[PDB]
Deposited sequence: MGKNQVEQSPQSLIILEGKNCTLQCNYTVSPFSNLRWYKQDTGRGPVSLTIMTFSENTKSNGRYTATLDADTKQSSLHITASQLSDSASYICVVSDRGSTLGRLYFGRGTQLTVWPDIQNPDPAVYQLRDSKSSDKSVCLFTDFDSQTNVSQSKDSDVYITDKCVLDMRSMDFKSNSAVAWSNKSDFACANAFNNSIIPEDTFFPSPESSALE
């Protein structure tokens, strides 16, 4: 590939800064752009740059271009959950009629909420009566919760939830089964902390 990105992926807490790297062998050079592609959605143009302009700014994003060393950097300031996405470095090249674009493999960025006061708990949601659900919530970000097929029991991946009026953010995960199933069964001691609210 003629467009290279670094790192492959990284995970940061909200409010912190990160820098993404891009290196290219594309010749002759024309221009450099950074795309932000949210999961499942289409790419969004952030910044475009040429050899003449070594810097560009869009919001909390700031891009840099060194044409000599053929390298570019994207700097995110005060990261937000919405920043989680793939970041694509796109390099443009001069042409006989018009243009060519070289897309590099994106850098995966994941932003986690910074949870000041964890209040981890496991609740049982009233059965619809129309399988029953268990809710593991308020745990901090470091907690690893993934999907599980044992046996007719299911567990989902943790997900961040933002209540904007209360400036509140929380992580949650859900588990359910048709069967014997109880909430203390769905989430066992691994992984839940030693202090976890059960009723």
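- In sequence order, the gaps in C-alpha coverage of the deposited chain fall at 1-3, 134-135, 185, 206-213.
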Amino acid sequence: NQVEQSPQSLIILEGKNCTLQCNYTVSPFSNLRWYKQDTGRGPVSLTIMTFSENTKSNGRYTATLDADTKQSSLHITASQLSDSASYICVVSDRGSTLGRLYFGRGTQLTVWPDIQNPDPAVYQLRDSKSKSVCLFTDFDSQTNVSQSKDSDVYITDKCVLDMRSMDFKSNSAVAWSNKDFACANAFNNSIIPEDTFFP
From here on, numbers count along this sequence of modelled residues.
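- For the pair 142-150 and 167-175, the record assigns the higher mean C-alpha temperature factor to 142-150.
- Per the PDB record, of the two stretches 186-194 and 17-25, 186-194 carries the greater mean B-factor over its C-alpha atoms.
- When the Cα B-factors of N117, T110, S73, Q124 are read from the PDB record, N117 comes out highest.
- Ranking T156, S57, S52, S45 by Cα temperature factor from the entry places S52 first.
- Annotation for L65: CA B-factor lies in the middle third of the chain's modelled residues.
- When the modelled residues of the chain are ordered by C-alpha B-factor, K36 sits in the lowest third.
- Among the modelled residues of its chain, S132 has a C-alpha B-factor that falls in the highest third according to the deposited record.
- Annotation for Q80: C-alpha temperature factor in the middle third relative to the rest of the modelled chain, per the entry.
- Split the chain's modelled residues into thirds by C-alpha temperature factor. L98 is in the highest one.
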